[PDB]
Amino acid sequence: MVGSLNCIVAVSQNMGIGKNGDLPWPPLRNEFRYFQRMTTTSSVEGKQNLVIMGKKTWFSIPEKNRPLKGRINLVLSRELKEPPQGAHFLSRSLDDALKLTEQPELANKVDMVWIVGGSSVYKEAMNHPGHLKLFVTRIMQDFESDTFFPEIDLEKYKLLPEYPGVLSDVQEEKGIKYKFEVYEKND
């Protein structure tokens, strides 16, 4: 069937993830490469991963890069009547999106599911019962932000010391240090 359920996010020390429709920090090439590799790579031959994102996250991607290449793209919105141009799936909630992954059109095409933001998308996922992993890049600086990542409940999640294919040491680009973290729960 469909593979694992995952969130991926990059978060500043003040829990910020975005600012004026953009990232709060200047672009970090390798953080982007990690995001792309993690969400694109599929363990199952012939299948692609599904990325689920909110409407504002969709429109924050430059038009030339939509939809996200090599992945099935799904947008969450209650106001849009049809998937925006370049997208082919649109759901009213994360719960609806996950139910959509068991219909034939998605079931045998989708491996892993990756929630890629923004704030209210993460929130619905981290309430969702069941097996969930959070791939969290800790950007070790404050940045002025206007949208935030919900705090992790450490009574539900375990922080894994290492995760396969993920370096656990401090990264640094453009004067900005950060670390890749992986949390897991199984409600």
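Take the two forms, find the largest set of C-alpha atoms that superpose within 1.5 Å, and that set is the rigid core. Numbers for residues come from their place in the sequence shown, where the first is 1.
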Which of 120 to 128 and 134 to 142 lies farther from this form in 7 other deposited structures of this protein, as RMS of C-alpha positions after a rigid core fit: 120 to 128
RMS Cα shift after core superposition in 7 other deposited structures of this protein, winner of 63 to 71 and 25 to 33: 63 to 71
Average Cα temperature factor in the PDB entry - higher stretch of 136 to 144, 150 to 158: 150 to 158
Between the two ranges 19 to 27 and 159 to 167, the one averaging a larger CA B factor in the entry: 19 to 27
Residue 62, C-alpha B-factor rank within chain (lowest, middle or highest third): middle
Third of the chain, ranked by Cα B-factor, where residue 123 sits: middle
Residue 104 - which third its CA temperature factor falls in, relative to the rest of the chain: highest
Chain thirds of CA B-factor: placement of residue 42: highest
Third assignment of residue 55 from its chain's C-alpha B-factors: middle
